[PDB]
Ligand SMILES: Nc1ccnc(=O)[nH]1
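Take a look at this single chain, the form solved without this ligand, given in structure tokens.
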């Protein structure tokens, strides 16, 4: 009954000449997310929520933007290592919920695929993983398609 909650936030710039990879899904698009790793904004947000619930710090502490080993890193592999460290700390994951905010492209056709990727990576059934997709209703840099934002929440139990 020793439950804990975590929350996560991530954002990356949307630039030409990068792969667009969200929830481990490679999505056809003229632009992609800029970062040190594969820049998977959704997976990073979830990774942060998990480290946070376990009180193990954050993704920057565990997988630094200034370490060559993670240059172009597969964020699913990073998520699986996160889950491993959370389990090592003594916690089991109960559920994950998340939101993705993007003006474009359409993400609804890819949501189930993202959900399946996360569930596999966390060794969870599909019914304990949720991914929600939204636009920013034309507001701000997100409305101008300058970047894509992700949010996450995770429940664990020690």
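Residue numbers count along the first chain shown, from 1.
Compared with other deposited structures of the same protein, residue 132 does not meet the criterion of being unmodelled in at least one third, since all of those that resolve residues on both sides include it. Judged by the one-third criterion across other entries of this protein, residue 73, though modelled here, is missing from at least a third of those that model both its neighbours. For the pair 60-68 and 30-38, the record assigns the higher mean C-alpha temperature factor to 60-68. Averaged over CA atoms, B-factors in the entry run higher in 1-9 than in the other of 148-156 and 1-9. Annotation for residue 20: CA B-factor lies in the middle third of the chain's modelled residues. Ranked by C-alpha B-factor against the other modelled residues of its chain, residue 131 falls in the lowest third.
Ranked within its chain, residue 116 lands in the lowest third, by CA B factor from the PDB record. For residue 109, the recorded CA B-factor ranks within the highest third of the chain. Only modelled residues enter the ranking.
Missing here is the form deposited with this ligand bound; even so, the following discussion is about that form.
With the site C-alphas superposed, this ligand from its pose in the deposited complex keeps every atom more than 2.4 Å from the backbone and C-beta atoms of the shown form; the site is open. For the chain shown alone, residue 106 is a contact residue for this ligand in the deposited complex, at least one non-hydrogen atom being within 4.5 angstroms. Residue 133 belongs to the set of residues with a heavy atom inside 4.5 Å of this ligand in the deposited complex. In the deposited complex, this ligand stays beyond 4.5 Å of every heavy atom belonging to residue 96. Although the partner is absent here, residue 102 lies within 4.5 Å of this ligand in the deposited complex, judged by heavy atoms. Proximity to this ligand in the deposited complex, taken as heavy atoms within 4.5 Å, picks out 107-115 from the listed stretches 88-96, 120-128, 107-115, 23-31.
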